[PDB]
Amino acid sequence: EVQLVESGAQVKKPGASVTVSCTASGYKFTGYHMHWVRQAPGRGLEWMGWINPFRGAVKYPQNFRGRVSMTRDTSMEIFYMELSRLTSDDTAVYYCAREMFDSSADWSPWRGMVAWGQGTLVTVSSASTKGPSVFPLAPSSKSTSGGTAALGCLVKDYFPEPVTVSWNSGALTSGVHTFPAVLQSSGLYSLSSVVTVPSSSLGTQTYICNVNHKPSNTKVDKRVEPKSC
Amino acid sequence: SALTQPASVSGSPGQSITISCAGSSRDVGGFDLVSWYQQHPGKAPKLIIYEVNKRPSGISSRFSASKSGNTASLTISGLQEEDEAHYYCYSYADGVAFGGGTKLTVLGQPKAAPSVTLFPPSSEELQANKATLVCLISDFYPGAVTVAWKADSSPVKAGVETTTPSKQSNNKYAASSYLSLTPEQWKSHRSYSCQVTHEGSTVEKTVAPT
Amino acid sequence: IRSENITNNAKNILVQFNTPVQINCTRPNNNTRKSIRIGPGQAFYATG
Amino acid sequence: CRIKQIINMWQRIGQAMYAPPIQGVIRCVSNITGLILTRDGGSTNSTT
Ligand SMILES: *[C@@H]1O[C@H](CO)[C@@H](O[C@@H]2O[C@H](CO)[C@@H](O[C@@H]3O[C@H](CO[C@H]4O[C@H](CO)[C@@H](O)[C@H](O)[C@@H]4O)[C@@H](O)[C@H](O[C@H]4O[C@H](CO)[C@@H](O)[C@H](O)[C@@H]4O[C@@H]4O[C@H](CO)[C@@H](O)[C@H](O)[C@H]4NC(C)=O)[C@@H]3O)[C@H](O)[C@H]2NC(C)=O)[C@H](O)[C@H]1NC(C)=O
Ligand SMILES: *[C@@H]1O[C@H](CO)[C@@H](O[C@@H]2O[C@H](CO)[C@@H](O[C@@H]3O[C@H](CO[C@H]4O[C@H](CO)[C@@H](O)[C@H](O)[C@@H]4O)[C@@H](O)[C@H](O[C@H]4O[C@H](CO)[C@@H](O)[C@H](O)[C@@H]4O)[C@@H]3O)[C@H](O)[C@H]2NC(C)=O)[C@H](O)[C@H]1NC(C)=O
């Protein structure tokens, strides 16, 4: 086996720069090209360049040029890669990957990447630790067509991510769709989770939402109760 | 991305499906460097095809690919649950071009209109110098829609955030949207709306202060 | 101008001149050399 | 220009050569007669 083992995930402020290590094993280190690829959440893959480990030759794209610094430690068999001047757009999971055949082969380095780093999540946001403020999402009498009531909660102005949302201390798991963490234009995260409860039970069943924020240490269980008309 | 892929493809398990990758003569037509990758959600990508039609060691004969002119095509026969993943196409275009990625699922489920619901920002937030609106959408198919926001009839793009749909326990997906404002922006407008348009069918909701 | 393949930017491009370009390179430093005895027979040339 | 003495030329780890120093000022002159160059990538199409 070969093995591309990358560094740990990192949580960083904008404007800065960040390196990723990716240590190879199980093959002739110096003979094989190494690509670096980021993949922004839900997005496609962004090829960031490559290095030849023999004397360290490189080639980056025009987009990534200037910010990327890509190296290798032939002695230690570690590839390094540094995007710099990090913006919120530079938030991605960064990979290293090796092309099919060694450098001696024809058309290397453009064939196809085989061994794949585990990805290194680099996160570029400007916000800070903030105790979340949790409010209830109350359905309406016109929001019921057929006999069900959709409700939930919202975890906004919390930072950093994520915030997991259960229901009634784990007693309500049917119909729970918890949505993925997305960044506002400000950077304070925002989220939501729904539940479909029957409208005949709107007076007979309490629906609480457990919202936990570990860094800020502000755990707000917000009961979701009918808007009194 | 410089290579154009279908956004999502639905196939019945066992059937055969095909994914297209179209580029200029600069990449697909003039070169045999088309290669495809599979990526399970939350995992590293994985190479599948190269040299237009080549399987690395460890790729089932169900998987095959080719190129027809400027449009390469990837094909899978006898689909199976392990194949529900993201798929991106690659070709060399002086640099590295890439396909947008296509999602693979199960085919055979009726279309469902978006279940849209809307609520106003609480006074627990209105007194907190904040005002936030959330638009919930669930129980729908196919999984490609667009969520809008209209203050009265005049839209407001400020504070608009939308997640990635999550396929739920019912094969239908679920997604949400959010809108950041101020309690002065909340108590001043007549009404705030969320307009959801699925496959040419608009479903809209609206809330107002108190 | 010869390259195995130019479409491949990765393929190094080799150039042959019709005219030579002169270049004058110096180490403009008059260098002492100490010879250090680590022997028998082994001697290391340092810089004074 | 920069001068090095410990040399691993051809990069072969495990074995390095230490070049001894050269006495006095060094000078040499050469006909530049060729080049080895690399291109760039897709970037902008045909602009430059
Ligand atoms: C790098 O740097 C080194 C170090 O500086 C340098 O080498 C030096 O070169 C000089 C010049 O050749 C050497 O100087 C020699 O000094 C001798 C006398 O030194 C004492 O006396 C003087 C006063 O005169 C004091 O200032 C000094 O401090 C000392 O006390 C002198 O003997 C040498 O000159 C005679 O000898 C050489 C050959 O050995 C010859 O080339 C000279 O011409 C001269 O010979 C006589 O020439 C006359 C011509 O008029 C002729 O009639 C006669 O027959 C000849 N007689 C004989 C007996 O030959 C000399 O000036 C200094 O010692 C060197 N030092 C070292 C450490 O090598 C390099 O040149 C530098 N290199 C570069 C590339 O820059
Ligand atoms: C680097 O080296 C390679 C070869 O090693 C050269 O690449 C060739 O480049 C040309 C132009 O990019 C390609 O030619 C075009 O290919 C089309 C189909 O290719 C198939 O068929 C060929 C056989 O001709 C097979 O070798 C190949 O594997 C494919 O199966 C043809 O349809 C094209 O012909 C028509 O199109 C072009 C414009 O599109 C017109 O100019 C022609 O007159 C004609 O109408 C065309 O031939 C070629 O495929 C590439 N070859 C290979 C083997 O990949 C590079 O040119 C070289 N770089 C430099 C700088 O010299």
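Reading the values: rules and limits
- Residues numbered from 1 in each chain as written, not as in the entry; some residues may be left out.
- Chains lettered and ligands numbered in written order.
- Part of a larger assembly, values for the part shown.
- Heavy atoms only, no water.
- Domains from an automatic or database assignment.
- Contact = heavy atoms within 4.5 Å.
- Buried area = accessible area lost by both parts, 1.4 Å probe.
- Salt bridge = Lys/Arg side-chain N within 4 Å of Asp/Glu carboxyl O.
- Nonpolar A, V, L, I, M, F, W, Y, C, P; charged D, E, K, R; others polar.
- Near = heavy atom within 4 Å.
- Polar contact = N/O pair within 3.5 Å; in protein donor to acceptor, adjacent residues only side chain to side chain.
- Areas by Shrake-Rupley, 256 points an atom, 1.4 Å probe, with all protein chains shown as cover.
- Disulfide = S-S within 2.5 Å.
- Helix = DSSP H or I, 4+ residues; strand = E, 2+ residues; numbered from the N terminus.
- Pairing = 2+ DSSP bridges.
- Axes fitted to C-alpha atoms, helices over the stretch in contact; angles between N-to-C directions.
- Buried < 20%, exposed > 50% of the residue type's maximum accessible area, 1.4 Å probe, protein only.
- Patch = residues over 30% accessible without salt bridge, like charges linked within 9 Å, V, L, I, M, F, W, Y side chains within 5 Å.

- By the method listed in its record, X-ray crystallography, this PDB entry was determined to a resolution of 3.50 Å.

### Looking at the domain arrangement of chain B
Residues and elements named next belong to chain B.
Phase 1: According to the domain assignment, chain B consists of domain 1 (1-108) and domain 2 (109-209).
Phase 2: Computed over C-alpha atoms only, the centres of domain 1 and domain 2 are separated by 34 Å.
Phase 3: In this complex, domain 1 contributes seven residues to the contact, which on the side of domain 2 involves five residues.
Phase 4: Summed over both partners, the interface of domain 1 with domain 2 comes to about 380 Å²; 31% of that surface belongs to carbon and sulfur atoms.
Phase 5: Close ionic contact of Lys167 with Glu84 constitutes a salt bridge, the shortest N to O distance being 2.8 Å.
Phase 6: Taken together, the residues that form the side of domain 1 that touches domain 2 break down as two nonpolar, three polar and two charged.

### Digging into the site of ligand 2
Phase 1: Surveying the vicinity of ligand 2 reveals the residues B:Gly30, B:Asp32, C:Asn5, C:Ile6 and C:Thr7.
Phase 2: At the site occupied by ligand 2, the surrounding residues belong to chains B and C.
Phase 3: Here C:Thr7 contributes a side-chain N or O atom positioned 3.0 Å from a nitrogen atom of ligand 2.
Phase 4: When ligand 2 sits alone it has 1000 Å² of accessible area, and the protein chains cover 26% of it.
Phase 5: When grouped by side-chain class, the residues that make up the shell around ligand 2 number one nonpolar, three polar and one charged.

### Quick notes on the state of the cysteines
Residues and elements named next belong to chain A.
Phase 1: Counted by the stated rule, this structure contains three disulfides over all chains.
Phase 2: Between the sulfur atoms of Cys22 and its disulfide mate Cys96 the distance is 2.0 Å. Across the S-S bond linking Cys22 and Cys96, the dihedral sits near 85°, which makes this disulfide right-handed. A residue pair is termed long-range when its members are at least 10 positions apart, and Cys22 in strand 3 (residues 18-23) and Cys96 in strand 9 (residues 92-99) qualify at 74 residues.

### Some thoughts on the sheet that holds strand 20 (residues 220-224) of chain A
Residues and elements named next belong to chain A.
Phase 1: Strands sit in the order 14-19-20 across an open sheet of three strands; the sheet is antiparallel. Whereas interior strands pair on both sides, the edge strands pair on one side only; in this sheet they are strand 14 (165-167) and strand 20. Shown here is a sheet whose adjacent strand axes are inclined to one another by a mean of 25°, direction ignored.
Phase 2: In the sheet, strand 19 (residues 207-211) pairs with strand 20 via five bridges, with the strands oriented antiparallel. In the sheet register, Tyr207 faces strand 20, and the bridge partner there is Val224.

### Considering unusual backbone geometry
Negative phi values dominate among residues other than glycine, just as trans dominates among peptide bonds.
Phase 1: Look at the link from A:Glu161 to A:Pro162: it is a cis peptide, with omega at -5°.
Phase 2: Within the fold, A:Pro162 resides in the loop between strand 13 (148-156) and strand 14.
Phase 3: Across the junction of C:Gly39 and C:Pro40, the peptide omega takes the value 15°, indicating a cis bond.
Phase 4: Note that C:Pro40 resides in the loop between strand 2 (35-37) and strand 3 (43-45).
Phase 5: A positive phi is found at A:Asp157, a non-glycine position, where the angle reads about 55°.
Phase 6: By the secondary structure assignment, A:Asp157 is in the loop between strand 13 and strand 14.
Phase 7: Overall, the relative accessible area of 5% leaves A:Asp157 in the buried class.
Phase 8: With a phi angle near 65°, B:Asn171 is a residue other than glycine that sits in the positive phi range.
Phase 9: As for its position among the elements, B:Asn171 is in the loop between strand 15 (161-162) and strand 16 (174-181).

### Considering the sheet that holds strand 11 (residues 131-138) of chain B
All names here are of chain B.
Phase 1: Strand order in the open sheet formed by four strands is 10-11-16-15, and the pairing between neighbours is antiparallel. Of all the strands in the sheet, the pair left with one neighbour each is strand 10 (115-118) and strand 15.
Phase 2: Across eight bridges, strand 11 lies against strand 16 in antiparallel orientation. Counterpart to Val134 in the pairing with strand 16 is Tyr178.

### Here we look at a nonpolar patch on the surface
Phase 1: Where nonpolar side chains cluster on the molecular surface, the patch consists of C:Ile36, C:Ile38, C:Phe44, D:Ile6 and D:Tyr18 and spans about 440 Å² of accessible area.
Phase 2: With respect to the secondary-structure elements, C:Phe44 resides in strand 3.
Phase 3: For C:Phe44, a relative accessible area of 31% corresponds to the partly exposed category.

### Regarding the interface of chain B and chain A
Phase 1: Tallying the contact residues gives 44 residues for chain B and 43 residues for chain A.
Phase 2: Carbon and sulfur atoms supply 63% of the area buried between chain B and chain A, which totals about 3700 Å² over both sides.
Phase 3: Counting every contact that joins chain B to chain A gives three salt bridges.
Phase 4: Summed over the shared surface of chain B and chain A, the result is 16 residue pairs in polar contact.
Phase 5: Put simply, the parts of the chain that give the side of chain B that touches chain A at least two residues each are strand 3 (35-39), strand 7 (86-93), strand 8 (95-98), helix 2 (123-126), strand 11, strand 15 and strand 16 of chain B.
Phase 6: Looking at the side of chain B that touches chain A residue by residue, the classes come out as 19 nonpolar, 17 polar and eight charged.

### Focus on the environment of B:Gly23
Residues and elements named next belong to chain B.
Phase 1: By the secondary structure assignment, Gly23 is in the loop between strand 2 (17-22) and helix 1 (25-29).
Phase 2: Linking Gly23 and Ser122, residues 99 residues apart in sequence, is a C-alpha distance of 50 Å.
Phase 3: Those residues in contact with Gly23 that lie beyond four places of it in its chain are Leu3, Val28 and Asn70.

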